[PDB]
Amino acid sequence: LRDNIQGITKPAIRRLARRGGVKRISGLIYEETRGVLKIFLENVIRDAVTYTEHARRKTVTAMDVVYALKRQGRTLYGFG
Amino acid sequence: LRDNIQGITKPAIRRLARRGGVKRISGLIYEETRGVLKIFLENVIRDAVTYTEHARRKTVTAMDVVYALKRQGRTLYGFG
Amino acid sequence: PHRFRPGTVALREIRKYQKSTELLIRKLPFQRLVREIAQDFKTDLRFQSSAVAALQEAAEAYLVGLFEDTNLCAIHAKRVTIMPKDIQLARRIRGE
Amino acid sequence: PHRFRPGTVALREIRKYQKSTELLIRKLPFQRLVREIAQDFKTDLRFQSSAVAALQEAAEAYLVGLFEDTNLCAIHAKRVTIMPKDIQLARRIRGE
Amino acid sequence: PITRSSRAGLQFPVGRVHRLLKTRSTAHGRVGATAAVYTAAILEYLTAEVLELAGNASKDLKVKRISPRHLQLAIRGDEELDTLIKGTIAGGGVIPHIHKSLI
Amino acid sequence: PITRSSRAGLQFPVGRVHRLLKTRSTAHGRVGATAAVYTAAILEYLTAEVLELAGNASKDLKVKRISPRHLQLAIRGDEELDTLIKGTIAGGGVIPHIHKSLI
Amino acid sequence: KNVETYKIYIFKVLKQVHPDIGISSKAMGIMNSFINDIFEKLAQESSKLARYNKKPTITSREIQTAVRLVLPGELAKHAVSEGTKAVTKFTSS
Amino acid sequence: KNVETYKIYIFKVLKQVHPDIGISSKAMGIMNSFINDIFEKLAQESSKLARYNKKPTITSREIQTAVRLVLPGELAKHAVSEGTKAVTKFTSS
DNA sequence: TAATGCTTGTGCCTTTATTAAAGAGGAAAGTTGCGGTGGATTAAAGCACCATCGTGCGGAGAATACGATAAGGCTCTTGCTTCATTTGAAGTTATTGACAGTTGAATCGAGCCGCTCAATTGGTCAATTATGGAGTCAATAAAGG
DNA sequence: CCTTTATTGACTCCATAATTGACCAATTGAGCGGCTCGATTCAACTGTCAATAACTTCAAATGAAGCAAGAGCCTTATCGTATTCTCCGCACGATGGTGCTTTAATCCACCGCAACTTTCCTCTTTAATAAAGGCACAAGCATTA
């Protein structure tokens with residue numbers, strides 16, 4: 001798979017900023033947000049895949065994601 | 001004891017800011033820094049005194065301070 | 001015809017999206033991006049639906065918090081427009 | 001006589017105090033402040049000397065880091081003077 | 001056979017909490033019954049606090065059920081609970097707040 | 001009597017690390033010898049990395065002893081070690097850095 | 001296999017506090033996760049306290065100290081009061 | 001009583017790396033504290049991994065996973081390589 | 001003020017989907033009894049912690065002259081918002097096929113536990129070497145010209 | 001560019017204190033044996049994940065017009081800075097008094113283990129009611145006048 005980071009469309013980033021209270025948005029903010037989201041997903045997915053590989057599995061479960069989020073101080077409630 | 005927060009003199013705060021790379025310092029920065037330091041010391045000392053009271057002691061040891069700092073994500077090296 | 005002055009519709013969406021709890025990013029593009037990122041760590045990986053849902057919830061929560069901090073930084077600089085420098089400052093102070 | 005332009009001596013102390021490793025706050029006033037703060041939690045508390053030394057080291061490290069973040073915030077607002085609003089912004093982004 | 005929860009006047013299970021504490025002890029650790037009673041008491045107290053705030057939030061919205069939105073509102077509306085519960089609530093959203101300078 | 005550290009080709013004590021891991025185990029946990037060997041290996045590797053960087057920093061300053069200042073310089077000069085070691089070093093100071101706009 | 005949770009006890013507490021207000025399944029799961037997190041934090045703090053003082057037994061004193069360390073301010077005070085009351089009632093019965 | 005530390009082994013490692021460079025007492029104490037912190041982190045991660053997978057025994061696989069989770073990037077890669085080499089040498093003896 | 005488009009709050013029927021209520025049975029908590037470890041108690045020594053005294057000098061407090069930084073205002077121009085049109089791809093539904101997760105049994109590899117030996121590690125002592133202090137010189141930068 | 005002056009690195013020598021090397025004990029790691037248990041392997045099978053196809057219609061892409069927000073610049077005034085003088089209290093050295101911390105021995109008290117019972121909690125099933133949808137309505141707001 002390639003260039004899937006562009007699937008996070010500009011309207012989606014605008015909606016996320018609107019939920020965050022942002023009134024005006026610059027043009028480069030979309031690319032900056034895509035890069036930041038890519039970094040965050042890289043970290044979380046790396047930890048989740050490590051957890052999955054330890055369990056000798058090929059399928060990433062919600063438990064692995066929850067543990068990966070908890071490791072980085074980003075605890076999530078609503079998935080176990 | 002009273003007015004002991006004033007013992008953190010303006011030259012000391014200026015030296016701390018100089019070590020932090022600050023070139024120009026406002027006049028209210030000293031009072032703001034005294035308040036922030038008082039809050040930080042309140043938190044750390046509260047945790048340290050809790051640790052000391054658990055050990056049924058009257059003297060606060062360096063171990064209690066180290067554990068209190070570690071609890072708040074402020075780990076200190078050089079005291080055990 | 002009829003036009004709203006700039007900043008009014010934006011305030012309307014600020015009010016609308018803060019009241020809601022829905023997900024803002026489309027599910028399929030986010031799933032494809034997650035699979036693309038994960039294929040770098042291990043080939044032939046499979047994902048539970050709940051795993052991708054949790055990833056999306058966490059990612060959007062993180063992005064909303066980062067945008068709140070970015071708006072704080074932008075207001076600090078006497079501006080209403082958020083800029084990449086604001087995001088960089090917010091992430092630097094956060095320790096990222 | 002001879003006068004240095006403002007900002008020169010300040011830069012000299014920035015260079016001097018960054019190279020050193022000594023403590024910047026006087027020991028006795030800090031000890032008195034620590035005892036005064038601790039007396040609010042437990043009456044008749046005694047302090048081991050190493051405990052006060054560790055408290056001073058941690059407090060000065062925290063203050064130096066906070067001043068670095070404050071300087072970042074001040075530079076963001078196109079200023080060289082740090083202000084209480086900069087400290088407040090830095091502490092808000094840090095989550096304090 | 002009277003349960004320990006009823007003996008302690010609690011709704012949370014003292015026996016299950018004791019078993020969990022025993023399985024979570026390290027290197028031949030021992031757990032007293034009073035420790036389990038204490039743990040159950042704080043767990044039930046925190047549950048009661050969060051549920052009371054969430055129920056008040058639900059009543060303010062004229063609904064008869066608690067949802068993640070109500071939990072988010074209750075937790076972010078209380079300073080102590082906001083400090084204690086730093087985790088993300090799925091489907092909770094954010095508290096409606098717009099800065100003065102943007103209006 | 002051959003030591004396990006010599007068998008594993010290590011300088012850190014494999015037996016002491018195994019004993020510490022056993023005392024840190026929870027609820028009838030078990031620790032293998034290979035686990036202790038692995039732990040000792042990573043501890044020795046991290047020690048070697050930090051000490052090599054600190055020795056290079058000391059040599060750059062034309063001194064023959066490692067001080068907390070040299071440890072601070074070595075740790076903050078390496079991205080991986082800076083990420084790993086977030087603790088405060090007493091007597092370490094700060095890395096000399098002045099922003100461009102303040103000059 | 002059976003997965004043990006706190007849903008029944010959360011429901012009892014809710015019926016004590018709000019008799020006419022129900023709870024959704026997602027909210028109940030979130031509450032269960034929150035209680036699990038709090039219990040994990042208390043257990044970790046109690047184990048650390050036991051290790052520091054070389055005391056292998058975890059008692060109500062360790063739990064009280066862990067509550068004071070973990071819970072903030074007035075919340076910690078009220079939690080300690082509730083725990084003390086519960087322990088006194090348990091011992092007197 | 002005797003307080004056990006890592007000073008002897010840190011000194012051996014220093015002599016292997018820098019034969020002519022010494023270390024101060026403060027720096028040695030800081031290094032010992034850093035080693036203790038790393039060991040505590042690895043032990044905590046290994047215990048969490050053992051609890052998650054319901055496997056009571058902690059083996060080299062748990063330590064490898066904990067190293068991958070805790071140590072960052074190339075540092076984790078080199079640490080894993082060193083640990084695997086040490087385990088292979090130990091088993092071959 | 002004021003009309004007027006306009007978006008959002010608000011009321012009513014659907015229905016549906018999401019929660020409340022019950023049954024078996026199995027999993028686990030309570031009970032009783034006992035052994036043995038651990039926590040509370042008490043006494044003693046030592047050291048460390050606090051309070052006192054003298055002093056004396058380096059750092060802090062305060063005032064002065066002032067320069068340069070921050071804030072305010074004005075302009076302009078360009079970058080971002082809002083609206084309208086087309087489209088193309090996400091969402092829904094129905095289907096399927098196989099991969100992989102999970103559970104259950106045997107069993108063999110391996111870690112715990114006891115006890116003894118002895119070799120490594122830790123505390124203490126004498127010193128020698130690297131580090132800092134003090135002082136003068138030279139190289140560097142800064143400020144007015 | 002220059003010259004004069006304040007600052008700091010460097011060079012030297014000497015004090016010194018801080019690390020290094022040696023010696024006794026004590027402590028715990030290794031060795032060897034026995035035993036139980038848990039991690040690995042195999043396999044069945046079912047849960048669900050990925051891939052497919054068709055339809056739809058809603059949100060995304062793009063462009064046009066235009067407005068207002070950000071950046072640059074100029075001014076000013078006030079407020080932090082550098083310097084000098086006085087003083088004051090921190091730091092160092094010496095001392096003593098005691099309290100409180102740590103250790104050791106004793107003892108009792110309470111918690112883990114084991115087996116049995118009984119009863120409470122947890123999937124599965126069925127009904128029910130609260131809320132999101134859909135549709136229409138009212139009104140506070142924004143916009144130009």
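Every heavy atom of this structure was used, including side-chain atoms; hydrogens, water molecules and symmetry mates were not. Within every chain, numbering begins at 1; the chains are lettered A, B, ... in the order of the sequence lines, protein sequences first and strands thereafter.
We find that NE2 of C:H76 is positioned 15 Å from P of J:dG70, with the value rounded to whole Å. For B:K58 and J:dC100, the NZ to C1' distance is 6 Å, given to the nearest whole Å. Straight-line distance from the NZ atom of H:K55 to the P atom of J:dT41: 12 Å, rounded to whole Å. Rounded to an integer number of Å, the gap from CE of G:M28 to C1' of J:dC121 is 14 Å. Distance CD1 (C:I82) to P (J:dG70): 12 Å, rounded to an integer number of Å. The distance between atom NZ of F:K64 and atom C1' of I:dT131, rounded to the nearest whole Å, is 9 Å. For the pair D:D44 CG and J:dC100 P, the interatomic distance rounds to 8 Å; values are reported in whole Å. Here the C1' atom of nucleotide I:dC112 and the CZ atom of F:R19 are 16 Å apart, to the nearest Å.
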Check against side-chain contact (heavy atoms from CB on, under 4.5 Å), B:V60 and D:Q48: CA-CA 6 Å; B:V60 188; D:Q48 177 164 324; over 6 Å; no
Derivation and outcome, side-chain contact (heavy atoms from CB on, under 4.5 Å), residues G:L14 and G:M31: CA-CA 11 Å; G:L14 177 66; G:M31 290 279 341; over 6 Å; no
Evaluation steps, salt bridge (charged side-chain N to carboxylate O under 4.0 Å, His left out), between G:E4 and E:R19: CA-CA 12 Å; G:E4 97 203 326; E:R19 189 194 19 108; 2.9 Å; yes
Worked verdict on B:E53 versus B:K58 for salt bridge (charged side-chain N to carboxylate O under 4.0 Å, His left out): CA-CA 7 Å; B:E53 271 158 356; B:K58 317 230 190 43; over 6 Å; no
Salt bridge (charged side-chain N to carboxylate O under 4.0 Å, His left out) between E:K59 and G:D20, worked out: CA-CA 10 Å; E:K59 276 176 207 260; G:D20 36 34; 3.5 Å; yes
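Judged by a 6.0 Å distance limit and a 45° cone about the ring axis, E:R7 is positioned over the six-membered ring of G:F90. Relative to the ring axis of D:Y17, D:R12 does not place its NZ or CZ within 45° and under 6.0 Å from the centre.
E:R4 has a side-chain polar atom (N or O) that falls below the 4.0 Å cut-off from OP1 or OP2 of I:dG30. At I:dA60, one or more side-chain N or O atoms of B:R15 fall inside 4.0 Å of OP1 or OP2 (strictly under the cut-off). Phosphate proximity of I:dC49 to D:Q48: present, with a side-chain N or O under 4.0 Å from OP1 or OP2. Side-chain nitrogen and oxygen atoms of C:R46 include none within less than 4.0 Å of the OP1 or OP2 phosphate oxygen of I:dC99.
Put simply, the side chain of H:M28 does not reach to within 4.5 Å of the side chain of H:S25, judged on heavy atoms. Looking only at side-chain heavy atoms (C-beta outward), B:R56 and G:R61 come within less than 4.5 Å of each other. In this structure, the side chains of B:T52 and B:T59 stay at 4.5 Å or more apart for every pair of heavy atoms. At least one side-chain heavy atom of C:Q56 sits under 4.5 Å from a side-chain heavy atom of C:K27. Counting only heavy atoms from C-beta outward, the side chains of D:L45 and D:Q39 never approach each other to under 4.5 Å.
Nucleotides I:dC117 and J:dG112 place their P atoms 36 Å apart, quoted to the nearest Å. Comparing the P positions of J:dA59 and J:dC135 gives an interatomic distance of 16 Å, to the nearest angstrom. Atom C1' of J:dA104 sits at a distance of 22 Å from the matching atom of I:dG122, rounded to the whole Å. Taking atom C1' on both nucleotides, I:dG123 is separated from J:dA105 by 26 Å, rounded to a whole Å. Distance check on atom P: I:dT92 versus I:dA17 gives 13 Å, rounded to whole Å. I:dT82 and I:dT7 are spaced 15 Å apart, taking the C1' atom of each and rounding to whole Å.
The closest donor-acceptor contact from the side chain of F:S25 to the backbone of F:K22 lies under 3.5 Å. Under the 3.5 Å distance criterion, the side-chain polar atoms of F:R4 are left unmatched by any main-chain donor or acceptor of F:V37. A distance-only check finds a donor-acceptor pair linking the side chain of H:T91 to the backbone of H:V87 [under 3.5 Å].
Position along DNA chain J of the nearest nucleotide to B:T61 versus C:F47 favours C:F47 as the more 5'-ward residue. If you find the closest nucleotide of DNA chain I to A:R57 and to E:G15, the one lying nearer the 5' end belongs to E:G15. Annotation: of the two residues near DNA chain J, F:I2 and E:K62, the 5′-most nearest-nucleotide partner is F:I2.
Here D:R35 lies in heavy-atom contact (under 4.0 Å) with sugar-phosphate atoms only. Within the nucleic acid shown, C:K16 has no heavy atom closer than 4.0 Å to any nucleic acid atom. When heavy atoms are screened at a 4.0 angstrom cut-off, D:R15 is found touching no nucleic acid atom at all.
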Under 4.0 Å protein heavy-atom contact, by nucleotide of nucleotides 119-124 of chain I - B base, S sugar-phosphate only: S-SSS-
Base-contact (B) and sugar-phosphate-only (S) positions in nucleotides 68-85 of chain I, heavy-atom cut-off under 4.0 Å, - elsewhere: SSSS--------SSBS--
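Counting non-hydrogen atoms of neighbouring residues, nucleotides and ligands closer than 6.0 angstrom, the NZ atom of H:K12 reaches no more than 12 such neighbours. Within a 6.0 Å radius of CG in B:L1, more than 12 heavy atoms belonging to other residues, nucleotides or ligands are found.
At its two ends the helix from I:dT1-J:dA145 to I:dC47-J:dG99 runs along axes set 170° apart, each axis drawn from five pairs and the angle rounded to 10°.
For the segment residues 17-34 of chain D, residues with any heavy atom less than 4.0 angstrom from an atom of DNA chain J are, sorted by number, D:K19, D:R26, D:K27, D:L28, D:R32.
Among all heavy-atom pairs drawn from D:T81 and B:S26, the shortest one is CG2-N, 3.8 Å.
Side-chain atoms of A:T59 lie closest to I:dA100 of the nucleotides I:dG61, J:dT102, I:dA100. Between I:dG61, I:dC113, I:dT31, one nucleotide has an atom nearer to the side chain of B:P11 than all others, and that is I:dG61.
Atom CZ in D:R5 sits 11.0 Å away from atom CG in D:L11 (nearest 0.5 Å). Taken to the nearest 0.5 Å, the OG atom of E:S101 stands 11.0 Å off from the CZ atom of C:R79.
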Between protein and nucleic acid, restricted to nucleotides 15-21 of chain J and to nitrogen or oxygen atoms under 3.5 Å apart, what atom pairs and distances do you find?
| unit_1 | atom_1 | unit_2 | atom_2 | d |
| --- | --- | --- | --- | --- |
| J:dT19 | OP1 | H:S25 | N | 3.1 |

Considering only nitrogen or oxygen atoms on both sides, find all protein atoms under 3.5 Å from nucleotides 105-111 of chain J and state each distance.
| unit_1 | atom_1 | unit_2 | atom_2 | d |
| --- | --- | --- | --- | --- |
| J:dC111 | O4' | E:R30 | NH2 | 3.2 |

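Between E:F12 and G:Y9, the angle of the ring planes lies from 30° to 60°, which puts this pair in the tilted group.
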